[PDB]
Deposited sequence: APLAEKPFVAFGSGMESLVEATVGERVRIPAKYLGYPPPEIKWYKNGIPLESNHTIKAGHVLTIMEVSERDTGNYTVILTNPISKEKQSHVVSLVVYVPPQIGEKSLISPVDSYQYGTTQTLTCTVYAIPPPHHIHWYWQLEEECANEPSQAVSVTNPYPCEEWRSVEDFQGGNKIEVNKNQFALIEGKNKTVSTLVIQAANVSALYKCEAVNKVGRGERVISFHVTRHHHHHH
């Protein structure tokens, strides 16, 4: 304690200044204090004072029960000594990561059938924070999978390993501003549908992966 021993307030030495979390988890940011009597605490997000409700508790530990992407921001905590009114403050940057989200539904419950010979484009609209560091396409012959997420295929083939499937090309990524966010639009072109298959796009980023399975069943309607 300080040589002059009088009521005081200070932060504990271990205070973080960056905190990382993933969408959905509980976040805890402790305001560690030294001094006497126990200080009064107040939290601010980007300068706006926080009040406690069922979503967030702003006490000695700032607790966000289920962090969301909109919770990213700079949190300032101000400690006040209740006797002397001396104050200390500390800023914590909270960054909320998002594992890759694919907009198109992965639902094979009705199976998509295509006429023999047609050209079709499969698409994956991918959002992740940080952005995905790769987006890969995979495929499999329909016979080696189930139809009935039933993890339909036990093995997947890279679209580089295209022998025996449909003629396919992966287009360059495009980008779209959706819900205010830069989303990556990944497209696979099936040139002439002659082989029944399942296709999968997979996105990976720092905190997770996401995938979408697409059924590509081929039939020849006649007359």
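Unmodelled regions (deposited sequence positions with no C-alpha coordinates, counted from 1) are 149-156, 232-234.
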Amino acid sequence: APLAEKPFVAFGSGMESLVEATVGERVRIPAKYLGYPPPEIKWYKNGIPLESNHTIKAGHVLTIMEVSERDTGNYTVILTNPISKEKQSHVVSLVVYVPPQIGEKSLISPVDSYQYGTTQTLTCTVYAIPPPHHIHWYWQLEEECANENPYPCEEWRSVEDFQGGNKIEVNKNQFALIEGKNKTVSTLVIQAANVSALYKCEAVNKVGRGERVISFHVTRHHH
From here on, numbers count along this sequence of modelled residues.
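When 33-41 is weighed against 49-57, 49-57 comes out higher, by mean CA B-factor as recorded in the entry.
For the pair 59-67 and 151-159, the mean Cα B-factor is higher in 151-159.
Taking only the listed residues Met15, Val213, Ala203, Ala21, the entry reports the highest CA temperature factor at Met15. Of the candidates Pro110, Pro82, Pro100, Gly73, the deposited coordinates give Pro110 the top C-alpha B factor. The entry lists a Cα temperature factor for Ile168 that places it in the middle third of the chain's modelled residues. Annotation for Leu198: CA B-factor lies in the lowest third of the chain's modelled residues.
Residue-level temperature factors show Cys145 in the middle third of its chain, judged at the C-alpha atom. The deposited CA B-factor of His136 belongs to the middle third of values across its chain. Per-chain ranking of the deposited C-alpha B factor places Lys6 in the middle third.
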